[PDB]
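Chains as they are written, first to last, in the numbering used here: chain S, 1 to 205; chain A, 1001 to 1205; chain P, 2001 to 2206; chain R, 3001 to 3206; chain L, 4001 to 4049; chain D, 5001 to 5676; chain B, 6001 to 6097.
C-beta atoms are modelled at their ideal positions from N, C-alpha and C, and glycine is treated no differently.
One structure is given below, encoded as C-alpha cells.
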Amino acid sequence: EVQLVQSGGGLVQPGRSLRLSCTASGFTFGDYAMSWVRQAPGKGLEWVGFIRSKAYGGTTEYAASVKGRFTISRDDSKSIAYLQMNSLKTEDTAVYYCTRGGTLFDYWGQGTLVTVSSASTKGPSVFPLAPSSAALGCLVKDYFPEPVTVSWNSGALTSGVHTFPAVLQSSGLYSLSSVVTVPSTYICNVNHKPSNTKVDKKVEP
Amino acid sequence: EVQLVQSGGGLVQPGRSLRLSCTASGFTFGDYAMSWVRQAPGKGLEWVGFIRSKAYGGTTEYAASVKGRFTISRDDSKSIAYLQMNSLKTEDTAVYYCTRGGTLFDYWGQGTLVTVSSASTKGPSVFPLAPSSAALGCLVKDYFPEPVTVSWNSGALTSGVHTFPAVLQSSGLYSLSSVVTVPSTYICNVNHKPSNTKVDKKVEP
Amino acid sequence: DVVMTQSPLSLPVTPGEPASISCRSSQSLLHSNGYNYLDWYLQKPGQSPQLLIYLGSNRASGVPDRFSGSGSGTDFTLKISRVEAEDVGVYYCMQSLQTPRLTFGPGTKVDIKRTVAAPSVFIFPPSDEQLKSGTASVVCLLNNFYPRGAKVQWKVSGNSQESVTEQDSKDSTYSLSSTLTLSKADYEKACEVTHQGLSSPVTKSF
Amino acid sequence: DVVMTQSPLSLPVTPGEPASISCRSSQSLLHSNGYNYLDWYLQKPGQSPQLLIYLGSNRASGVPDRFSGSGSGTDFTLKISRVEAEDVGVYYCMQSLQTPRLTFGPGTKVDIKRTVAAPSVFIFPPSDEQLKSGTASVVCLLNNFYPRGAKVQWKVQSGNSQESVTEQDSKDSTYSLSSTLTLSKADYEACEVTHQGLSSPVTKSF
Amino acid sequence: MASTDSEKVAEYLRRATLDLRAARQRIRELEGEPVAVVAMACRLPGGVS
Amino acid sequence: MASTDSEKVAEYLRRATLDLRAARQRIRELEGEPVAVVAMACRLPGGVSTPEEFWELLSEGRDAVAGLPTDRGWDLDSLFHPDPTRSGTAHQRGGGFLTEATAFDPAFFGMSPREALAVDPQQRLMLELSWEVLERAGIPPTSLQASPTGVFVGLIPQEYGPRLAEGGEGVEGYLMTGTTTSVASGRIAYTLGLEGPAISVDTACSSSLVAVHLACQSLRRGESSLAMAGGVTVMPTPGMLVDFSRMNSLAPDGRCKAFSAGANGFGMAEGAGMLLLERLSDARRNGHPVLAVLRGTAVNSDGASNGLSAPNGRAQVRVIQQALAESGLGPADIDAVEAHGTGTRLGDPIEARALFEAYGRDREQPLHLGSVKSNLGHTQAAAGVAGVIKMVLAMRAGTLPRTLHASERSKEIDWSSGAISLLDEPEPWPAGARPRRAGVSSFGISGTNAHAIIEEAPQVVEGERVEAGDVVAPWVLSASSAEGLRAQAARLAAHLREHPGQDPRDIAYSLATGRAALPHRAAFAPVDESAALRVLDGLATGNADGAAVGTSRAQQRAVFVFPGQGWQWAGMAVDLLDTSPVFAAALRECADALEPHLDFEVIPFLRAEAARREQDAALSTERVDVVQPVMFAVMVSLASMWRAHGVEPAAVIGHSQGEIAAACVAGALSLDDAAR
Amino acid sequence: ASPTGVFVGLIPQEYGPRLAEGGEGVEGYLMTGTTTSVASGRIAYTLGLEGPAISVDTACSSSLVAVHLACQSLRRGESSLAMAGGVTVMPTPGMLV
C-alpha cells in the first residue's frame, strides 16, 4: 500500500532550525507534488507550502508568513522530502502534515507534533478544586511539554472522570484541571513523564 | 446509454454543398469537443477537423487541405453538430465518423457513407470470365453507386462463392468480378438496385 | 480575488440518519472543463485527515460509499446516507480554482446528536495553596452541555482562557473550562453562561 | 516536429493465444505528470472504430479486460490475453503530445492465423463480348493465399493494374486477390506472383 | 492545447471519471444490485394455493 | 500559482485513474479472484483416509473396487438374485466401499455415543474430515471460534436406521439430527464453532463441485473469509444399489470403465472429500499453505434432456466454457481435464463430445483426459471434490495419473481428432513456463452440470531463508483420550521415521501452531531426531520418558508464584544468559536498574560457580545485601522470559521477596522502582 | 436453454417404501423422484431451464438460504432469472414424532 511516514520531532527554541522528513512508499515519488500543511492547536488545517513535481520544474510555493525560511526539497533516488524549518517562531508550535499533492492532499501521512516553546521541563503544581457545597477536581497547571495522564481514585473511578485538554498560556506553559462529578474524599495523582514527577492530592471543601 | 446518431448522406457532384448532422444522446453535449474523422476507401482513418468545447471557446481547427471550405458548428439547445461540407471533391467520396472528443475519439457514432462522383446511375455490363481449361467467373463492371449483390447458381451455391469488393476507376465507375472455384455450366445474376437492372449470364470457356 | 467559502459549521448528525452537509462559494467553481473543482475532506478526531470526495461528486478509493457529493457551481452538498462513529469529525470544503491555500476555512464541526442537555455551571474558587505562589484561577465548570455554543462571562472579562473538551460515547455531551488565571491584588474584587439549554443567565460567584 | 510512429502492420493472431501488438514512437510521449500519451484504438471489419486504451495502459469502459496496455515513453505494447474474432481488425496507435492529426498511420492489420496457404493463380483472358465496347480486362485471380503480401506483375509493362483485396473468411481464413488490368483496343494484341507460399515465380499467360 | 493550458488532459480526466463511475456502478450492480421479486407462488396451509 | 490547468487536472487525472485502478481490481477480486485450496481431506474408497494416501492408490494404478461392505449389516443375499428385475436386488457385485465409515469417535466431539449412533454416517465422516482439513492446514480447529467460515457440504439423502415414524429404542430425539442433510453442514459449524454460512448442497453426482462453486462465491464476495467445501456419499444401505439396478445402469462389476468399450454400467462407490478454500490474497497474507488454486467454477443444468437421468451435450459444453470464461482462461490453458467419466457406455460418449467441443475444437496440445472414478468408482456427491484432490495431488507431485480400465478406447467416441488423449499411462506433467491448469467436471443425475478450473498455486512460496538455532522448541501434541494421546505420538513417530530429514523446529512449529489443545497433552523438548523418536516410542506405549504428560481439561489461564530463598546454588542463570537473548537483555536491564542504588552489577557474579564464594571464605550466597538483588534480577528476568514465550500471569504470589517481583512484572512498579 | 437457476431449500423426508424395498411399479423412480437433488433438477428438466439448479438444505432456514443463493447468483450473473424458495410436505408421520 501507500505510506507517507514522517519524522522530525524534537525541541526547538524561537530562532532555531529543524528538519521534517517524509518518506513515500507505494508509488513513484517524482510525479506527485509534495505539500506541507500545518495543524494549529484548536483548529483545522492551514497549508504551509508545496513544491512542484520533479518534471514540473520542481519550483516551490510557500505561504507569505513562511516564505523562504521553510525550504521545501525532495529527491527520488532516496525518495525523501525535506521541510527544513528555520527560525521556528512560537506560532510554529503545530502538528505538521506531509500531503501527497499540490492541490490534491491524498494520504496526509501520520502527523508530526513540532513544539516551539521557551519554557523548561518541570513537574506539575497540583492545586485542588474545592467544591462549593457537586464536583471535585484538582489542577495540573505549571507543566510542560505534553505527555500527560490524570486519573481519579488512582485508576479506580472511570465513570464521571473527565480530564480537560491542554491550555497554552502566553508564558509558554500548559494547563489541565481534572474533575469528577459525583456526590460524596477523592484522590488525584498526576504523573509528569519527561521529569518523572508524580504529585498526589486529596480534596475537601 | 450514449449514441452519436448521424445523417447527411446523398448525392453530390464536384463543387456542391452537403450537411452532416450528428446528434449526441446520453451525456451533456457542451463540454465534449466534436470532431469529424473520415475513412478513405481501402485504408483506415484520417482526421478532418474538430471544434473546441463551447466553454473552451468553440475554436474550430480543420486539416490544412480542408481548412475554410468545411464549417464545423454545434449547439446544445437542440444538441446537434453540423459539418458543412462545401465544395466536395474526390477525397470526400469516403465514410465520415462523428467522434466524441478533440483528442479522445470515444464513441465514433455509426458512419455516414458520403459519395462524390460525376458518374450516373446505370445497370451493370456483365462480362463472363471464361476458364482457361479451374474457376468460373463473370464481371459486373460499368455500374454505380454501391448497392450490390452477386450470387452464383442464383443463391444455390454458397461454398467457393466469393464476390470481390468494389474498385473505383478514374472515370468514376465501380468494378466487381464475382468468382467461384469448383470443377465442372454455372450461372451468375447481378441485380443493380437504384435502376433495378438484373442481368444474367451463363459461362463456357 | 479569492473564492471564500462558508458551510454549516455546527451541523449535527445522529446514528441511523442521512445527513446533508453543504458548502457555499462566492464565485463559480465550475470550470470551462464542465467539472466542478471542489473537494470534500474528513478529519477524524485526533487523527490524520482523509480525502472523501474530489471534483465535486466522485469518491476517493477506500472511502466508503456512505458519502455522496453533488451540487451546482456555487452550492455544493455532501449527503451521508448512513452516519456512524467513523463519519464524525471535521468536514473541509476545498476550492481548487485558486491555489494559494492560506487556510482550510472554519470547517463543519460534526457531532453525534442527542437532545438539548442541561448545562451544569460549577464555580470553583482557587485554593489557598494557589495563593502562595502569586497566581489564582477560579474555574467555571460547564458540564454535560450541548451544543458547544456557550460563552462564559467574568464580571464583578478578557483574562479567560479556553478549554473545550472531548464529546463522549455514552453521554455524547460537552464540558468547558474558562480558566481565569489571575494575580495577587485583583482577586480581592462570578461566572454565567448563555447556553441554549436555559434562557435566563444563571450567575453564581466564588 | 511530429511524433511519427511505426507498428507491426501484419501481426497475426490465432484463437486461444495471447498476442503482443506494439508501437514505436520517434519522440517521448511521456508527459510531465509521468503519464504516457498513447491511445490504442480498434476498428472492426466494416464497423465503427472503438477506443480500447487511453493514457498508455488504462481501459475504456465497456472494453473487455482482454486488452492490456503498458510500455515506456517510446515503446508501447498492448497484450491481448484472449484473442477473439471481434479482436481481429485494425489497431491504431494514436499519439496526443501534438494534435494536428493528419492521418491515423498505417495501422496494424490483424488476421486470424493459420498455416501458410497455397496461392492459386488463375489467369482469365477477357471475354470476346468485352471486346465489342472497346475495353478489355484479363484478371489474375489469386485465391486461397495467406498472408496478403503478394504483388502481381503484368509483363509481355505493369502500371494499369487496379487493386482488389478481399475479405478473410471464417471456415478457411484465407485471402483472395484481383489485379484488374483494364485495357484498350490495340494493346491487347501474363501474370505472376511472389507470394511466400512458393518461391519460384509461377508465370501463366492468357 | 492552445486555449489556457488544458484541452487534452481535460478529456482524459473526463473519460477516466466516467469510467470510474461505470466501474463503481458495476460493483453496486454486483453486490447490492436489488433483486426484484418478479412473482410468488405458494401452497401454504388453510387451502391457500 | 499552480501552473493553471496543467498541475491540477493532471493531478485530478492520476486519481480518476488510480481509483479506477483500485475500483477495477475490486471487480476482478469480486468476480475472478483466484481462491486458494488451503488443505485436503478425503476418506475415499479403499484404504484412502488422508490426501497423501490417495496418491499411491492413484500413481501406481490401484482400483479401489473390491466388494460390498459387511460391516453395515447388509443383507447381501436378497441383494443378488438371478432375476435382474426382482425387487430388492442389486446388479453390481462390488464397488469401492469405505471400511471405516461404520466407526466413529463420539467422545472426541461434543457428541453422545447414542447421538453419534443416530448420526448419519455421512455426517460422522464429515466432522472428521473437517478436523483433518483444519489440522492439515496448520489452522488450529479450536482457533476458529465465532469466526466467518462457511461450510458447504454436498450430500445424498440415504436411508439409515428405523422409520422416523417408528422412532427407536434409544434413538428417539436424535434420529432427525442424523438423517437430515440440514445438520450435515450445521453440525460441523457447531462443533468447530464456525460462524460462516453452513450450507448443504444436494445435486447428487455434482454436489461437492457445486458446493465448492458456492464456497468459491462466498470467497469472492467476502461473506466468509474461509470456507470448508466438499461432499460426501457414504452408503449405510444398499437402497440405491437396488434402485439404480432397476433402471439398469449399474456396472455388474461395480467398476467405472470411463471412456472404455468394455463398460457395462456406471458402477458405484462411496467416499468423501473436503477442501479448505480461502482467497489467494487472504491465504498468502495469513500464511496458510496454498496447495492449488480454484480460479473459476461454473454450475448449469442439462435442461430438457432425454429424461431426468440422461445427460445433455450442449449444456455440458456451455458449463465447461462458462467456467473458462469466468476464470479468464481458454481451452488450451487447461492442460488436463478430469471429466465425470460416469463409467457407462452412454454418459461417456455424450460427455467426451462435450469435452471435444469445449476443449478439443481449439487445442495446441492433446488434452490429458482422466477420471478418478476409474480408480475409485462413482462417488456421487463425493465426486466433484475427489477429482479436485486428484488434480491437486497431481500438481503437488508433478505427474498425471492413469485412468484404469481405459486401454480400449470407446468406439462410440471419435478420437480421430487427437486433441484429447485418454490418460492410460502416467504422463509426466512438470512445472514449466505455462501456469499448470486443469479442469474438473461433474454431471449429476439431477441434471445439474458443473465444472471447476484448478490452476497450480503460483510458485511464490520459493524464497524461504535457512538458519539454525539453539532454541529446543517443545514438540507438543494433544488428544481427547489417553489412547489417542498414545496414538498421536505413534503416528508422528511413523511420519518422522517414514519422512526423514524434516527439521525439528519445523515439526515443533507445525505441532504447536496447527494442532488443537486437547485434554490429554504430551510435551517434550527434543535435542535430536533419535532422542525424540525414542520419546515418541515411549509415549506410544504410555511411558513418560524425557517428556511431560497431563490431563488438563478446563484449564486455560496460569498463575505466577514467586518463591523466596532456597536456590543458594545460584550457578544456574549463567547458562540461561549465555543461551537466551531475553535473559541476556532483561537481566542487563534489571541490573542497570539495580546498579544506581546497589553498586553490585550481577554480571561478574553471574559468571561463576556455587563454590566460587566458598573459596573466598564465604558461604553460598549468604551476604543478604549482595544476594537479594541477584535473586530479584534473575527472578524478574525469568518472569520476563516466561511472558516472552507466551505465558502471561493471571494472579501473582510472592513468598518473601517475590512481592518485589509482583511490583515489577505485574506493572505495579517499573524495573527501576522495584529494583530500587 | 435460457439461464435461470432453480434455488430450492428442502428437508430430507420419507415418502414411500425404503430404497432397498422397491415397490412393484415404483422401482427405478423411487430415488430419482424422492431425493432432494432431483427436485430443483426435475423442474430444470421438464421446463427446459439451463442454469444453476441447486437443492440447498439448511433446515427451517432453507427457503431464505435458497433466496440468498439465487440473489447472489443474480447479482453476479450466472442465470438471467431465478426461482428461489422452499417446500416441505412431510409424507410419513415421523418428523413430528
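When DSSP states are grouped into helix, strand and coil, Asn-5375 of chain D belongs to the helix group. At least one beta carbon of chain P lies nearer than 7 Å to the beta carbon of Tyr-1056 of chain A. With the criterion set as a beta carbon lying under 7 Å from some beta carbon of chain L, the members of the region 1086-1102 of chain A are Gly-1101 and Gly-1102, in sequence order.
Counting only residues of its own chain and dropping the five nearest sequence neighbours on each side, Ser-5478 of chain D has a CB closer than 8 Å to the CB of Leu-5485, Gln-5488, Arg-5515, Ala-5516, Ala-5517, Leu-5518, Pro-5519, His-5520, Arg-5521 and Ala-5522.
The C-alpha of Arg-1069 of chain A lies about 16 Å from the C-alpha of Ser-1035 of chain A.
Judged by DSSP secondary structure, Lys-1201 of chain A falls within the beta strand (DSSP E) whose first and last residues are 1197-1203.
Cβ atoms of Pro-5045 of chain D and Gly-5271 of chain D come within 8 Å of each other, at about 5 Å. In the three-state reduction of the DSSP assignment, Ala-5650 of chain D falls in the strand class. By the C-beta criterion, the region 5503-5513 of chain D is judged not to be in contact with the region 5547-5559 of chain D, since fewer than 3 inter-stretch pairs fall below 8 Å. Annotation: the continuous alpha helix (DSSP H) that includes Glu-5011 of chain D extends over 5009-5031. The way I'd put it, the region 2180-2196 of chain P does touch the region 2139-2154 of chain P; three or more beta-carbon pairs between them come closer than 8 Å.
Taking the C-beta atoms as reference points, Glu-1146 of chain A is found no nearer than 7 Å to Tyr-1107 of chain A. Under the DSSP assignment, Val-2156 of chain P falls outside any alpha helix (DSSP H); it carries neither an H nor an E label. Contact annotation for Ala-5668 of chain D against chain B: no contact, minimum CB-CB distance about 52 Å [criterion: below 8 Å]. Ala-5022 of chain D has its alpha-carbon roughly 25 Å from the corresponding atom of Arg-52 of chain S.
Looking at the backbone, the Cα of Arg-5353 of chain D and that of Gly-5313 of chain D are separated by about 7 Å.
The continuous alpha helix (DSSP H) containing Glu-5132 of chain D extends over residues 5121-5136.
Nearest Cα to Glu-2188 of chain P within the set P:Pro-2125, P:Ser-2199, P:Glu-2129 and P:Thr-2203: P:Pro-2125. Using a Cβ distance threshold of 7 Å, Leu-6019 of chain B and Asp-6057 of chain B do not count as a contacting pair. Across the structure, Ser-1087 of chain A and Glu-5357 of chain D are spaced so that their CA atoms are roughly 57 Å apart.
Nearest to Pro-5474 of chain D by alpha-carbon distance, out of D:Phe-5524, D:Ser-5480 and D:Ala-5591, is D:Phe-5524. Using a Cβ-Cβ cut-off of 7 Å, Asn-3033 of chain R counts as an interface residue toward chain S, since at least one Cβ of chain S sits closer than that to its own. Residues of the region 6027-6044 of chain B whose Cβ lies closer than 9 Å to any Cβ of chain L: none. Looking at the DSSP output, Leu-5058 of chain D shares a beta bridge with no other residue. Taking a beta-carbon distance threshold of 7 Å, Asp-1031 of chain A counts as an interface residue toward chain P. For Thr-5177 of chain D, the three-state secondary structure derived from DSSP is helix. Considering only beta carbons, the part of the region 1126-1140 of chain A lying closer than 8 Å to chain R consists of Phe-1127, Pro-1128, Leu-1129, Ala-1130, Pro-1131, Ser-1132, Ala-1134, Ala-1135, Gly-1137 and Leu-1139, in chain order. Under DSSP, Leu-4044 of chain L forms no beta bridge with any residue. Spatial neighbours of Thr-2165 of chain P in its own chain (CB-CB distance under 8 Å, excluding positions within 5 residues in sequence) are listed in chain order as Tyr-2174, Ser-2175, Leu-2176 and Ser-2177. Within chain P, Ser-2061 and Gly-2062 have C-beta atoms less than 8 Å from the C-beta of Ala-5022 of chain D, given in sequence order. In the DSSP annotation of this structure, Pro-2049 of chain P is not part of any alpha helix (DSSP H); the continuous beta strand (DSSP E) holding it starts and ends at 2049-2054. Beta-bridge partners of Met-2094 of chain P (DSSP): P:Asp-2039.
The alpha-carbon of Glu-4011 of chain L is positioned some 37 Å away from that of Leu-5219 of chain D. Annotation: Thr-1112 of chain A to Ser-1073 of chain A spans about 18 Å, alpha carbon to alpha carbon.
Burial state of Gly-5387 of chain D is buried, judged by a 10 Å Cβ sphere holding 16 or more other Cβ atoms. DSSP places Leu-5144 of chain D outside both helix and strand once states are collapsed to three, so it counts as coil.
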